[PDB]
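# need a 3D model of the following:
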Amino acid sequence: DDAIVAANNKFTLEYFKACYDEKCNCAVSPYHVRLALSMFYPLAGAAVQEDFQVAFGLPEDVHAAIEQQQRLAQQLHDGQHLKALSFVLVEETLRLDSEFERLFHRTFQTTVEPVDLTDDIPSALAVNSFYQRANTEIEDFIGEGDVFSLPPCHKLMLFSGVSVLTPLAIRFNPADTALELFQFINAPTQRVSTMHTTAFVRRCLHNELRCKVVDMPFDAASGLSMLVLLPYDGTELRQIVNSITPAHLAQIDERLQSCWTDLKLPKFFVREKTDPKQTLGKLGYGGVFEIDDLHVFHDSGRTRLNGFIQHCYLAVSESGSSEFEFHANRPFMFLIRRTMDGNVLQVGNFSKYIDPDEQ
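Numbering: from 1, shown residues only. Below is the structure:
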């Protein structure tokens with residue numbers, strides 16, 4: 001388990017560096033990218049099995065890899081606190097192979113829906129309705145364009161939703177929320193609802209990374225916490241995002257100390273659709289999308305994965321229950337971690353002003 005977490009954190013930060021765009025807000029879960037894609041490892045030929053061994057550290061013992069995926073996925077998905085749900089579309093006119101059925105219908109925690117993948121309307125509706133019924137705060141998971149193809153149409157597509165739903169354990173008082181400037185990259189003087197409290201939070205300075213750090217816990221029952229990295233003045237968020245490694249996370253864990261902190265944070269959310277197929281390609285792991293290597297169907301030949309879309313959600317809000325200042329009034333990075341082992345479950349940034357009356 002120590003090795004799995006170490007490897008996941010290293011991959012998570014590399015993946016985030018490959019998708020971060022300083023002009024946009026982002027939330028991704030590389031861990032769930034790994035868990036969802038790993039379901040195809042037992043079905044994969046030599047080229048893709050090698051890719052997944054390199055990218056994710058999967059066991060060469062495929063039986064052990066299946067058991068590992070099951071254990072890790074069950075630990076991650078946690079009811080009311082964090083929902084991590086995969087969904088698979090398969091072309092309905094192709095009979096499935098018996099091992100795919102065994103694994104995807106009767107082994108892995110996932111849902112497979114056969115659809116007419118030549119028709120983007122029912123294909124998108126199957127995905128969107130699944131995530132709506134899952135009550136995971138993502139009501140428009142994909143658009144029709146995300147599943148569309150001209151002939152020869154797609155045969156196989158994968159989806160990951162990761163939603164952090166647990167409330168913060170820090171008591172922000174809404175009487176103290178006010179419109180305050182936030183230095184958005186696209187609107188440096190825009191004012192937005194900004195929460196304020198005095199909290200006894202774990203905090204540190206990190207002079208090498210050039211940021212202040214607070215670890216903001218969620219409700220105790222979730223076992224989760226949000227590390228917020230706020231660049232020092234005169235330092236761009238991109239420098240923190242590109243610099244950070246697991247070694248820095250370890251140093252932060254050693255340096256954090258609980259301290260009465262004057263905390264200011266926008267009342268924010270991030271709900272962002274991303275494309276693991278593109279990001280994994282950038283990291284050198286495009287093989288599963290570029291080589292026809294997965295044994296899914298009975299009599300149509302091995303297939304590539306035609307698409308993999310992820311949609312993540314996180315929001316913060318006030319609670320119904322000083323020797324450091326942490327005023328997050330400029331772009332920051334966040335990491336959602338399991339407190340017990342430090343495993344990073346979701347990572348992102350808040351940088352851009354999105355007017356809710358406009359979009």
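# the closest residue to residue 294 other than its chain neighbours: neighbour count?
With sequence-adjacent residues excluded and distances taken as Cβ to Cβ, 6 or more residues apart in numbering, residue 294 is closest to residue 43, at 4.9 Å. All C-beta atoms are positioned from the backbone trio N, CA, C, and that covers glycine. For residue 43, the count of nearby residues is 20 (other Cβ atoms under 10 Å).
# so residue 43 touches residue 296, yeah?
Yes. Taking contact to mean Cβ atoms under 8 Å, the distance of 6.3 Å between residue 43 and residue 296 places them in contact.
# okay, and the common contacts of the two?
Listed contacts common to residue 43 and residue 296 are 97, 100; contacts here mean Cβ atoms under 8 Å, 6 or more residues apart in numbering.
# who touches residue 178 in this structure?
Neighbouring residues of residue 178 by Cβ under 8 Å, 6+ apart: 193, 194, 196.
# for residue 89, same thing?
With Cβ under 8 Å, 6+ apart as the criterion, the residues that contact residue 89 are 112-115, 117, 123, 126-127, 147, 154, 156-157, 159.
# got phi/psi on it?
For residue 89, the backbone dihedrals are phi -100, psi 140 (criterion: degrees, to the nearest 10).
# between the two ends of stretch 292-299, how far is it?
14 Å (Cα to Cα, to the nearest Å).
# which of the residues in it are buried?
Using 16 or more other Cβ atoms under 10 Å as the test for burial, stretch 292-299 gives 293, 294, 295, 296, 297.
# what sits closest to the fourth one if chain neighbours are left out?
In other words, residue 296. residue 100 (5.0 Å).
# next up, the contacts around that neighbour.
Residue 100 neighbours (Cβ under 8 Å, 6+ apart): 43, 295, 296, 297.
# assign a three-state SS to it, would you?
Using DSSP: H, G, I helix; E, B strand; the rest coil, the three-state assignment for residue 100 comes out as helix.
# against residue 202, how distant is it?
As for residue 100, its distance to residue 202 is 45 Å (criterion: Cβ to Cβ, to the nearest Å).
# a markdown table please, covering the buried residues of stretch 292-299 and showing distance to residue 240.
Formatted as a markdown table, the entries for the buried residues of stretch 292-299 read as follows, by distance: Cβ to Cβ, whole Å:
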| residue | distance to residue 240 |
| --- | --- |
| 293 | 37 |
| 294 | 37 |
| 295 | 43 |
| 296 | 41 |
| 297 | 45 |
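# most widely separated two among these?
In these, the most distant members under the criterion Cβ to Cβ are 293 and 297, with 12.9 Å between them.
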